[PDB]
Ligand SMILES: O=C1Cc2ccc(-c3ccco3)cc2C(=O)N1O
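Only one chain is given next, in C-alpha cells, and it is the form solved without the ligand.
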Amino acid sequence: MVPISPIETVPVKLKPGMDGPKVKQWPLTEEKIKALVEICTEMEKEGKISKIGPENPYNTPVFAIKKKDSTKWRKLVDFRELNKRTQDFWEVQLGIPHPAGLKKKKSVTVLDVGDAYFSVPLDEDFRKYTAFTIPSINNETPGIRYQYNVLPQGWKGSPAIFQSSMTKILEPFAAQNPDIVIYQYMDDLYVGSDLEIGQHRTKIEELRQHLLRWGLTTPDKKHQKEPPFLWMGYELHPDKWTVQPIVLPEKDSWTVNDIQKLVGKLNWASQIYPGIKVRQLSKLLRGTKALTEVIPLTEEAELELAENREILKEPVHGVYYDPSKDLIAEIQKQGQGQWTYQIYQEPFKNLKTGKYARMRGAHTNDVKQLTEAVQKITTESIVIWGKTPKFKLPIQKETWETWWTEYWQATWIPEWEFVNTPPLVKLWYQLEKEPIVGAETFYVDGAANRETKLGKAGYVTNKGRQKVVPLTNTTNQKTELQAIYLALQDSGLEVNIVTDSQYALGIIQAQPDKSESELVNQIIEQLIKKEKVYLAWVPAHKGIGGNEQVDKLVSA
C-alpha cells in the first residue's frame, strides 16, 4: 500500500455550559429499520462510524427517507439539537464572488471530490456527542448504537471544517501553480486557466496526483458539468456572464406576494440589465405584509412594469474583468429618487450594472443622492475589483465646487468627469451670505395654540407692507414655515427675510430641492424664482423689533 497523509482534525467544543443532546429515537417501521442496518453496516466497514457501548448517554434521531419513485431508502440524521449546542465556526462562504470580478478563462474543468467529504475525520473528543440508535425489530433487543468518526451530513460544523480542510490541502498546489485558479463549491472543484488545452489537462492530472497524497480519489470519467455553468443564479460562460432567465409573469391581478417576487426578480436583473426601475412597484408594498392581499396597480406602476418588460425582451451579457485596465462608472438620474449606473472598461462592454434609490427621509436633494450613489458604487467596486472606478457624472464641475465648498457637512467624491447627458444635476437655489442692500426686509413670524390647533402666520416689512393670515389645524412649526412662504410669495426678486424659527433654518440649511412636506415644497418653488434671498435668524422673545411687532400680531 501507498501511505497517505492524514487530514489534521479540527478541535470542536460544545457551547459554554452546554451538554450533548439526549433526544428520543422515533419508532420506525420494520421496513426502514433493516434498511438502516444495511447502510450502517456498510458505513461501519468504510470506517465512517463505530458501534459503541451502552454507557454513552447521548442520542440524536435517525430517520429513513423513501427516495421518491424508488424502492431504496436512505438515511438522514436529525442533528438539530446537537447543532443548537455546537460552538460557532468561521464561515468563509459568507461573501460569494461576483461574476463581474472574475477573469476570462479559456478552460474550466470540474472535479468531483464527493467521496473525500466523508474521509475528513471528526475530533475524537467530540464523537461521543454524535451517537445515534437504530431501533430494534419489535423493541425486543437493545437498539444498535453508533457514533461518527467523520464529519456527518447535517452537522453544524461539517461545511466549515470540510472547506478549511480542502483549502489547506489545495494551498501548496495553487501557490506553486499561479497560472490556474481553483474554486470549491459543494462536492466539486472548479479549475480554470488560460493554458493551451494540453498543458491545462496536464495541470488537471497533476492536481489529481496531488490530491491522491491524502487518499482522495477523483472519478476518471470526466464530470457531466461543463461551461456554461448554472451557479448562484448566474450563467457563467468562458468569456461572458449573465443572470439566469428573468421571466416576469403575465397576471391580471397582483398579490402582495406576487409584487414581492416581481421586485426581487427585477432587483436580480438590475445587475446586468441597464435601466431597471422598481420605485413605483415598491410603493405598492408600503407598510402592508399580509402576503395574500391584492393590490390594484397604479398607472405609474403599470408604466414602469411595461418599461421593464421591454428591457428584459432579449438577453444581455456582461464581460469579465481585465486587471490591466481602469474601471469606469457612469451614472444617470432616472427620476423619483431612482439612479442607474454602468461599470465598464471598454465602451459598450459593461462588466455590470446596478441602481440606487433615495433613502427614507423628510427632505432631500439631487446632489446628496448622487453623492450617496457614488459611495455605494465605490464600496461595491472595492469588494469586486479592489479599486475605485473613475466616475462619469451628470453634474457640472462648477456645480459640484459650489455645493461642497458651501455645504455645512464635509463631503467628497473621488476622481470624476462631467458627462453631458440630461437630466443634469444642478443647484436650484443658493442663499446669500450677506444682507442685500436695497431689497425689502420681511420680518416673519407664526404661532399656534396647541390645544385649539388655531394659528397665525405673517410678516411686517421696512416699507410698511404687512400681512397676517389666520390658520386652522396647524402647529407652531407649520406656522413658522407658512410665514416664510408668505414673505417669499409677496416679495420682489431680491428679499431679506428675518425669522426666529430654528426649525425652519434647520430645514433650509440642509438645502432640499424636494420634500414630503408640501409647505417646504412650496417654499422651494418660491426660492427657485428669486434672484437673491438672504435668510437671517434672531432669537425669539428678546425685544427684537420687527420680530417683536409681528410676534404680537401672530400670537394674539
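Start at 1 with the first residue shown and count on from there.
Another form exists, deposited with the ligand bound; not displayed. Remarks below refer to it.
Does at least one non-hydrogen atom of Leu14 fall within 4.5 angstroms of the ligand in the deposited bound form?
No, no contact at 4.5 Å.
Taking the ligand as it sits in the deposited bound form, is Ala540 near enough to touch it, meaning that at least one heavy atom pair lies within 4.5 angstroms?
Contact check for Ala540: yes, within 4.5 Å of the ligand in the deposited bound form.
Spell out, yes or no, whether the shortest heavy atom distance between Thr29 and the ligand in the deposited bound form is within 4.5 Å.
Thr29: no, not in contact with the ligand in the deposited bound form.
Is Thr41 close enough to touch the ligand in the deposited bound form, meaning at least one heavy atom pair within 4.5 Å?
Judged by the heavy-atom cut-off of 4.5 Å, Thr41 is well away from the ligand in the deposited bound form.
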